[PDB]
Structure formats: structure tokens, C-alpha cells
Amino acid sequence: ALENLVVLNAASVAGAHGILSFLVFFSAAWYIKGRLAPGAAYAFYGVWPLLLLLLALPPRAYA
């Protein structure tokens, strides 16, 4: 029944779940350099964005 804005607030306080949510903000942070050493960080995109719907909500989610 809990949504994102629910675990997001607690996630930040918790710590781990906090830096994990930044995954979206990190993607841009890395772009700062503009060299994202292609190869690994590139292929990761294969299932890296998937964590979006995974972390977004907590386990207690029917999602």
C-alpha cells in the first residue's frame, strides 16, 4: 500500500536505500565528465534502469 514518496523519505534517512535511489541522479552525475568509459557502464544499461521500479517502492508493495 506504500508508495515511492513513502520509502523515498525513509530511504534517505536509512542510508543505503537512500544512495540507491540516487541511481537516477547518479546517471547524470557521471555524465558530467562525458567519458563514461564505454564497455561496462554501457552494457549495464541492459538492466540498470530496472532498479527504477524495484527500489521505487518497498517490498511491501503489490507492484
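Residues numbered from 1 in each chain as written, not as in the entry; some residues may be left out. Heavy atoms only, no water.

Method of structure determination, per the deposited record: solution NMR was used for this entry.

The name the PDB entry gives the protein is HEPATITIS C VIRUS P7 PROTEIN, with Hepatitis C virus as the organism.

**Concerning the overall build of the protein**
Basically, it comes down to this: In this text, helices come from DSSP runs of H or I with a minimum length of four residues, and strands from runs of E with a minimum of two, each type numbered from the N-terminal end. C-alpha atoms define the radius of gyration, and 2.2 Å times the number of residues to the power 0.38 defines the globule rule. Burial here depends on accessible area, computed with a 1.4 Å probe over protein chains only, as a share of the maximum for the residue type. Under 20% is buried, over 50% is exposed, and the range in between is partly exposed. Shrake-Rupley sampling with a 1.4 Å probe provides the accessible areas, and residues are treated as covered by the protein chains on show and by no other component.
Counting secondary structure elements, the protein contains five helices and zero strands. Sequence-ordered secondary structure for the protein, helices as α and strands as β, is α-α-α-α-α. Here the protein has a C-alpha radius of gyration of 14 Å; the compact-globule value for 63 residues is 11 Å, and the former is much larger. Dimensions of the protein along its principal axes, counting C-alpha atoms only, are 40 × 20 × 15 Å. Looking at the protein residue by residue over its 63 residues, the buried ones come to 14%. Only carbon and sulfur atoms are counted for the fraction: they give 74% of the accessible area of the protein, which is about 5300 Å².

**Points about the layout of surface pockets**
Where we set the bar: A 1.4 Å probe that fits into a set of points on a 1 Å grid over the protein atoms alone but cannot get out defines a cavity; an open set with protein on both sides within 12 Å along at least five of seven lines defines a pocket, and lining residues are those with an atom within 4 Å of a point. Grid points are joined across faces, edges and corners, and a volume is the space filled by probe spheres set on the points. Classification used: nonpolar for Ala, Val, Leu, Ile, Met, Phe, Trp, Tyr, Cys and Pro, charged for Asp, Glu, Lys and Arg, polar for all others including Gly.
One number sums up the size of the largest pocket: a volume of about 220 Å³. What lines the largest pocket is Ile19, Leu20, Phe22, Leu23, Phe26, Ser27, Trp30, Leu36, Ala41, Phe44, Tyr45 and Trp48. Listed by contribution, the elements that provide at least two residues to the lining of the largest pocket are α2 (16–21) and α3 (23–31). By residue number, the principal contributor to the lining of the largest pocket is α3, which donates four residues. Classifying every residue of the lining of the largest pocket gives eleven nonpolar, one polar and no charged.

**Things to note about the packing of aromatic side chains**
For clarity, the threshold we go by: A pair of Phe, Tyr and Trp rings is counted when the ring centres sit within 6.5 Å of each other, with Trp represented by its six-membered ring. The angle between the planes then sorts it: under 30 degrees is stacked, over 60 is edge-to-face, the rest tilted.
Applying the stated criterion to the full structure yields two aromatic pairs. Taken together, a centroid distance of 6.0 Å and an interplanar angle of 70° make the contact between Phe22 and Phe25 edge-to-face. Owing to a relative accessible area of 57%, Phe25 belongs among the exposed residues under this scheme. Aromatic side chains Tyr45 and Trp48 sit 6.5 Å apart centroid to centroid with 65° between the ring planes, which places their arrangement in the edge-to-face category. On the basis of relative accessibility, which here comes to 34%, the residue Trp48 falls in the partly exposed class.

**Considering a nonpolar patch on the surface**
Filter applied, for reference: Nonpolar side chains (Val, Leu, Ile, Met, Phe, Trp, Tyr) within 5 Å and like charges within 9 Å form the patches, drawn only from residues with over 30% relative accessible area and no salt bridge. Here, a salt bridge means any side-chain nitrogen of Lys or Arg that lies within 4 Å of a carboxyl oxygen of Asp or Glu.
There is a patch of nonpolar side chains on the surface, built from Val24, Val47, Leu50, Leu52 and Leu53 and spanning about 480 Å² of accessible area. Locating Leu50 in the fold gives a position in the loop between α4 (40–43) and α5 (51–56).

**Re the environment of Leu8**
If you trace the backbone, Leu8 turns up in helix α1 (residues 4–14). The exposure class of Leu8 is partly exposed, given its relative accessible area of 35%. Sequence-wise, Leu8 and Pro58 are 50 residues apart; in three dimensions their C-alpha atoms are separated by 9.1 Å.

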